[PDB]
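Beneath this line is the structure, given in structure tokens, with notes to follow.
So you know, we letter chains A, B, ... as the sequences are listed, proteins then strands, and number each from 1. Note that these values count all heavy atoms, side chains included, but never hydrogens, waters or copies made by symmetry.
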Amino acid sequence: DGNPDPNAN
Amino acid sequence: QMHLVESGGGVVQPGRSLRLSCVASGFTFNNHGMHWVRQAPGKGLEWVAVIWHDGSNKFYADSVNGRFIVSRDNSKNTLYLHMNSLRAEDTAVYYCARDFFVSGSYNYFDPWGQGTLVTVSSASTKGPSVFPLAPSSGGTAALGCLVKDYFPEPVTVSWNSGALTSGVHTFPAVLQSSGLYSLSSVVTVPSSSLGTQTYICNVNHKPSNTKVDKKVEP
Amino acid sequence: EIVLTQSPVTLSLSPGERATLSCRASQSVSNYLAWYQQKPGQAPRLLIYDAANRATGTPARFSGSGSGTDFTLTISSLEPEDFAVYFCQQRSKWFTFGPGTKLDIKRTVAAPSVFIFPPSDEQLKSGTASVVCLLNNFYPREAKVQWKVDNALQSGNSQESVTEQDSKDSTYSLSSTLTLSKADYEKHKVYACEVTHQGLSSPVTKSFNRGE
């Protein structure tokens with residue numbers, strides 16, 4: 001689950 | 001090598017504003033979310049804010065939401081923290097940290113900067129008073145200097161211009177209810193040396209340009 | 001918020017021993033947990049992430065495991081550089097940290113040497129009196145220091161400060177400072193510091209008579 005990924009994809 | 005360096009910390013009155021900066025090198029800055037994390041003096045770590053790699057989203061800890069604003073300039077490889085409506089409880093070392101991601105994992109902090117200290121207080125600059133702790137346990141005696149009522153941190157204390165370090169304990173400063181700091185530096189010496197050797201504490205408080213040498217006799 | 005609790009609050013071990021540190025989350029965080037190490041005056045360093053993966057540069061003696069709410073960091077064969085503070089951190093619901101477990105070097109018990117300092121005449125001229133009690137070179141860190149003024153226990157007018165564990169003899173030193181107004185100070189005669197510590201067969205009292 002967690003938090004939305006803040007890094008570039 | 002990867003490197004993060006913060007700047008902008010200092011003494012700020014409650015209600016005032018302050019901007020912190022973090023410059024990055026050694027990794028692709030625009031691929032990473034970036035974080036601010038803080039640590040109150042002698043306390044644990046508290047996450048502050050996160051900003052997306054492209055600046056599109058920003059999230060905040062409950063304790064700072066609406067008072068702090070995070071931003072970034074990828075063209076300068078720099079992260080910012082705009083601190084408004086500052087309160088005494090915001091006093092802390094502020095670290096910038098990269099969002100570490102590998103494989104499917106993310107949202108861990110690596111690397112970290114060295115931190116910048118923000119001191120939020122209504123106190124005014126004050127130079128310390130330096131009082132002797134005069135020697136009055138068998139063969140060993142103790143003496144020192146009480147460095148009382150200064151603002152802000154830090155002060156530095158040496159003994160005999162730095163020649164004496166054996167047996168010296170300089171205690172961490174404490175914050176008094178007045179808002180002023182206080183500390184003591186002590187040294188244990190042979191009791192038979194009290195009337196024959198000399199012990200001078202050298203106290204430096206740069207914010208007040210205070211430079212005091214105090215000879216400590218029985 | 002997800003609260004992380006760390007036990008034990010302090011851990012005292014000798015080099016070469018195995019350390020076991022626990023982190024418990026107030027609700028499940030899956031395996032989204034990291035461990036950080038911090039030495040005095042330094043920034044934290046990432047050690048373990050996703051509960052069990054070693055970060056680059058983390059030595060093999062560090063290992064982590066856990067899931068849901070219960071997590072464990074193990075340090076095998078402690079090295080001197082391993083004595084520091086360790087924080088856990090979850091990333092399941094935003095980001096929160098545990099309060100840290102402090103790991104210090106276990107040495108033989110050492111009783112403090114106790115000294116008491118009356119206020120100087122120069123400070124009394126300013127209207128305030130600071131009375132200082134020094135506990136020098138003791139182990140373990142736990143100690144009780146009480147101020148008694150004409151046999152009355154003082155509460156709320158003293159502050160303590162403690163050094164970091166000494167790099168040379170693994171001991172601690174501690175100061176307790178009793179702060180009174182000049183008028184309050186001169187109302188009483190006997191100023192006493194009572195020290196209770198595991199290394200003392202009986203508590204030690206150091207005292208003086210004001211003005212003598």
Side-chain angles (χ1 to χ4, degrees), chain B residues 4-23 33-51 57-72 78-99 109 112-113 115-126 149-155 172-183 207, chain C residues 2-4 36 38 40-44 85 87 89-91 93-100 159 161:
Chain B
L4 296 168
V5 53
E6 307 88 335
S7 65
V11 176
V12 52
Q13 182 188 18
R16 287 276 203 167
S17 294
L18 188 66
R19 194 194 69 169
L20 302 181
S21 296
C22 172
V23 185
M34 295 292 307
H35 301 264
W36 289 102
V37 180
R38 71 184 176 177
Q39 185 169 37
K43 304 305 191 63
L45 301 163
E46 181 187 15
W47 173 77
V48 172
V50 62
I51 181 164
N57 291 101
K58 311 167 191 67
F59 295 98
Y60 300 91
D62 289 351
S63 55
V64 310
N65 197 27
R67 302 186 303 111
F68 295 180
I69 303 295
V70 63
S71 62
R72 64 195 290 161
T78 304
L79 172 73
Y80 304 97
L81 189 64
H82 310 270
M83 312 173 71
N84 312 283
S85 291
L86 281 161
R87 302 161 182 170
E89 322 89 50
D90 296 319
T91 298
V93 173
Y94 284 75
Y95 299 96
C96 62
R98 177 189 71 158
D99 196 283
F109 307 123
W112 297 60
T116 191
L117 179 66
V118 173
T119 301
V120 186
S121 165
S122 62
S124 296
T125 300
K126 187 167 183 60
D149 289 350
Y150 62 92
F151 184 87
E153 304 214 62
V155 302
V174 299
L175 180 60
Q176 299 166 118
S177 48
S178 58
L180 303 175
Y181 293 91
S182 182
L183 71 76
Chain C
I2 296 187
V3 176
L4 301 182
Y36 297 85
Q38 188 183 36
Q42 299 187 17
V85 178
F87 299 96
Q89 174 244 322
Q90 63 87 29
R91 52 99 167 185
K93 182 179 175 182
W94 301 127
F95 315 81
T96 58
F97 294 85
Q159 293 181 280
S161 187

Is a side-chain donor or acceptor of B/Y60 paired with a backbone partner of B/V70 at a separation under 3.5 angstrom? yes
Non-hydrogen atoms of B/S122 and B/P14 that approach each other most closely: N-CD, 3.6 Å
Could you report the tightest heavy-atom contact between C/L4 and C/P99, atom names first, then the distance? O-CD, 3.5 Å
Just to verify, what does B/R16 make a salt bridge (charged side-chain N to carboxylate O under 4.0 Å, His left out) with, not counting sequence neighbours? none
If only side-chain N and O atoms count, and only distance matters, is there a donor-acceptor pair under 3.5 Å linking B/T119 with B/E153? no
Locate the shortest heavy-atom distance separating C/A43 from B/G113; write the atom from each residue and the value. CB-O, 3.1 Å
Which distance, rounded to the nearest 0.5 Å, do you find between the CZ of B/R19 and the CE of B/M83? 13.0 Å
Could you tell me which non-hydrogen atom of B/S63 sits nearest to which non-hydrogen atom of B/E46, and how far apart they are? OG-OE2, 2.7 Å
Can you check side-chain contact (heavy atoms from CB on, under 4.5 Å) on B/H35 and B/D99, steps first, answer last? CA-CA 7 Å; B/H35 301 264; B/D99 196 283; 2.7 Å; yes
Before you tell me yes or no, could you show the steps for B/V12 and B/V118 under side-chain contact (heavy atoms from CB on, under 4.5 Å), namely the whole-Å CA-CA distance, both residues' side-chain angles and the distance that decides it to 0.1 Å? CA-CA 7 Å; B/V12 52; B/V118 173; 4.0 Å; yes
Determine whether the aromatic ring centres of B/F109 and B/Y95 lie less than 6.0 Å apart. no
Interatomic distance, B/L117 atom CG to B/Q39 atom CD [nearest 0.5 angstrom]: 11.0 Å
Would a distance-only check, ignoring hydrogens and angles, find a side-chain to backbone donor-acceptor pair under 3.5 Å from B/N65 to B/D62? no
Distance col, row C/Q159:CD vs B/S182:OG, nearest 0.5 angstrom, shows 8.0 Å
So does B/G115 get a backbone contact from the side chain of B/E6, meaning a donor-acceptor N/O pair under 3.5 Å? yes
Flag the pair B/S17 / B/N84 as yes when at least one side-chain heavy-atom distance between them is below 4.5 Å, and no otherwise. yes
Kindly assign one of parallel, tilted or perpendicular to the pair B/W47 and C/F95, based on the angle between their ring planes and the thresholds 30° and 60°. tilted
List the steps and the verdict of side-chain contact (heavy atoms from CB on, under 4.5 Å) for B/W112 and B/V37. CA-CA 9 Å; B/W112 297 60; B/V37 180; 3.8 Å; yes
My understanding is that only one of B/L81, B/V93, B/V64 makes a side-chain contact (heavy atoms from CB on, under 4.5 Å) with B/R38; could you say which? B/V64
Could you measure the distance from the NE2 atom of B/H82 to the OG atom of B/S21? Nearest 0.5 Å is fine. 8.0 Å
Partner set under side chain to side chain contact (heavy atoms under 4.5 Å, CB included) for B/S178, not counting sequence neighbours: B/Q176, B/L180
Could you report the tightest heavy-atom contact between B/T116 and B/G8, atom names first, then the distance? OG1-N, 4.0 Å
B/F151 versus B/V11: any side-chain heavy-atom pair under 4.5 Å? yes
With side chains defined as the heavy atoms from C-beta onward, is the minimum distance between B/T91 and B/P41 less than 4.5 Å? yes
Do the two ring centres, one from B/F59 and one from C/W94, sit under 6.0 Å apart? yes
Tell me the closest heavy-atom pair linking C/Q38 and C/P44, and the distance in Å. NE2-CD, 3.6 Å
Find the distance between CG (B/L4) and SG (B/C96) and round it off to the nearest 0.5 Å. 4.5 Å
First locate atom CD1 of C/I2, then atom CD of C/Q90, and finally report the distance between them rounded to the nearest 0.5 Å. 4.0 Å
Ring-ring centroid check B/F68 B/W36, cutoff 6.0 Å: no
